[PDB]
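Below is one structure, written out as structure tokens; comments come after it.
Sequence lines set the chain letters: A, B, ... in the order given, protein chains first and strands last, and positions in each chain run from 1.
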Number of protein chains: 2
Amino acid sequence: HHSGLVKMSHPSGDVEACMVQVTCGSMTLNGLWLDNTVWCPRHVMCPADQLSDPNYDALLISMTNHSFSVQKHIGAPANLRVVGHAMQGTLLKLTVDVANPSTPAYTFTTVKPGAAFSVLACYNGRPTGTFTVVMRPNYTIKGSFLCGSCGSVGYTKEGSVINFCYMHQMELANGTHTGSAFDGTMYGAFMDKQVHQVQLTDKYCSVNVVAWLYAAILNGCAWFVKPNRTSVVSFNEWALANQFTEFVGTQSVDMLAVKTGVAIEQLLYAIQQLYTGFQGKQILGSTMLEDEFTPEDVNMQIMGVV
Amino acid sequence: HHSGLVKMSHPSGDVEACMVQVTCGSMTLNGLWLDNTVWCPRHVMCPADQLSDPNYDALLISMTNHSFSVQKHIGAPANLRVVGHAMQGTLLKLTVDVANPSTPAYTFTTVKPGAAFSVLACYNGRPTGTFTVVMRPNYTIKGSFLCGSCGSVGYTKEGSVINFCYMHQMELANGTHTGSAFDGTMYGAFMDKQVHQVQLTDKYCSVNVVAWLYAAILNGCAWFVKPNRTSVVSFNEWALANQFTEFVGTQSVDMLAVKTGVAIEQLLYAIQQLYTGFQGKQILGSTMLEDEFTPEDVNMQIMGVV
Ligand SMILES: *[C@H](O)[C@H](C[C@@H]1CCNC1=O)NC(=O)[C@H](CC(C)C)NC(=O)OCC(C)(C)[S@](=O)c1ccccc1
Ligand SMILES: *[C@H](O)[C@H](C[C@@H]1CCNC1=O)NC(=O)[C@H](CC(C)C)NC(=O)OCC(C)(C)[S@](=O)c1ccccc1
């Protein structure tokens, strides 16, 4: 029995129309063209045998507007003339002389651990695929990015408004990925330089495991639901010792509780038991806890509620 | 060590520009607008009280061009005038007075069990999400579709050409989904009416399990590799006895064998052993075989090879 859950990304067309290629001398990567601004990772400025210890302030000083070439390859091709350049945290803001005619309604936001967003993977300014990820508690994502992908963007959508939340920067030793918010900060404690980096411990996202257990009930799978309950406060003390995030309820979770008639506290107890072992049983085809679906995923994909 | 594998869909913008809403009487769903043709499921023609045993030839004869209402909602909205109608298998072909100005280069193709394709899920002619699935051996997909999703489309891409392969029609009792190819045949033995239907046994897709074991080896996870080999002929006899598809090697699998230095027959042996149990161990974070990634997925996402 299929749960009805897939990894569901937003349609990417609106964001595709904003991707460009940014070249600075010998270096190239992707950028995001919104209004008269092109955003891209600042390490496009850095020579290859220097990424280990760059001085981004000096590199920026050494650049002129003609140092940056910006090209739109898809749709109607364009070459964009740069008329200003500036740095914000780990991003460059290049000002161009033409406003993107396809600029969507947009905002910038930061995504939080456990929340899902859509990524448009791009190479040389050309979109190549789209996928969705949850931001991990250690501020990495389990993505799919190769050489040339930097500047690929992540986003959520609220109505027609695109909320850009991620610009890809790097791959860690363990194969996971991280990047910047559009305020220029790196997610977590990461730094955009070519050095091995202390990468922190991941955790199970409790609110997402609860959502997934609700998805199981909505599919008629509820062998793990007992009358026993664990309070949110007690679960959260337990979570601290057992590699779970602390549970914070939301209206989205509340709607799942009302729909199923199963209280959050019943599922907090269930998680504590399932963490010790599934004892030969399965839930939605799995023998381990699933934390990659959000409460909003379950409400949208199974009940059609946004 | 995250494998670097995600469910990767194609960028959806080219297909978004082809989706329309099709309404017939009080029935509504999605259609695909290419050149002067709108494709949609023929059951839009059926009253809801009659979906169990529709007389589609008689329904078609009763329609006029004015029976159909076609709207483009996204981008530049338009109301399309139907100027001819025809039935092909389980699809309607509506001829409209306007050629879609955003028609991409396209073909129609049929997808085979084990192959992946991208789906653009739509409601009321408006794209809402994109995801990727593999066609199962029983000609269903494990999708995410609600009421109103019919006419959502699936496709692959070669270069800039979109190969349309799927139009969504129905959800089965076990939560899986099926639909039509654009020659109007249903996938599998399914029929487009509201009657509960014999849905056949699924199988593990051996070629995809082989791909996933190669992904593990590429990631440094090769504890299951031994000198022991099972020939394709011998594996295929075993596959028929153990709910696996028969293995047919491809050039894509061959390049994984070259890159890892592990022969196909070593992994066929590994699958036989792993199927009897992982013995408490994991592969790429899993305690069961994974068959939802293709050889092409592994070549593309891990080695950057289209
Ligand atoms: C930009 O396109 C690129 C994206 C990477 C390339 C491989 N996959 C990706 O997602 N970013 C970088 O290569 C990045 C540039 C820095 C200046 C930000 N470096 C990077 O990701 O290097 C990996 C590290 C940071 C050295 S990580 O600590 C590591 C150590 C040892 C082995 C592997 C990885
Ligand atoms: C078209 O929008 C719609 C899509 C469905 C609705 C729910 N999720 C979907 O994917 N298709 C239909 O409703 C379809 C119309 C027929 C004329 C093809 N019927 C449908 O999906 O019915 C399900 C059956 C055929 C009754 S299946 O045998 C079943 C039996 C028992 C429980 C559930 C499903």
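Using a 4.5 Å cut-off between heavy atoms, B:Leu172 makes no contact with chain A at all. Interface remark: B:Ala173 contributes backbone atoms only to the contact with chain A (heavy atom separation under 4.5 Å). Using a 4.5 Å cut-off between heavy atoms, A:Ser3 does not touch chain B at all. Residue contact with chain B, scored on non-hydrogen atoms closer than 4.5 Å, is absent for A:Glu292.
Residue A:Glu158 places its CD atom among 12 or fewer non-hydrogen atoms of other residues, nucleotides or ligands, all under 6.0 Å distant. Around atom CD of A:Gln273, more than 12 heavy atoms belonging to other residues, nucleotides or ligands sit under 6.0 Å away.
Remark: B:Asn174 CG to A:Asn219 CG distance equals 10.5 Å, nearest 0.5 Å. Here B:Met288 contributes atom CE and A:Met288 contributes atom CE; the two are 6.0 Å apart, rounded to the nearest 0.5 Å. We find the NZ-OG1 distance between A:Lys157 and B:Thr128 to be 9.5 Å, quoted to the nearest 0.5 Å. The line from CD of A:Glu16 to CD of B:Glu16 is 7.0 Å long, rounded to the nearest 0.5 Å.
Using non-hydrogen atoms only and a strict 4.5 Å limit, the part of residues 130-155 of chain A facing chain B consists of A:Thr130, A:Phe131, A:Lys142, A:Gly143, A:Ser144, A:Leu146.
If you tally non-hydrogen atom pairs under 4.5 Å between each of A:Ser118, A:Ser9, A:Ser286 and chain B, the highest count goes to A:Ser9. When the candidates B:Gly304, B:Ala121, B:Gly4 are compared by the number of heavy-atom contacts under 4.5 Å with chain A, B:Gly4 comes out ahead.
Between the side chain of B:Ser12 and the main chain of A:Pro11, no donor-acceptor pair closer than 3.5 Å is present.
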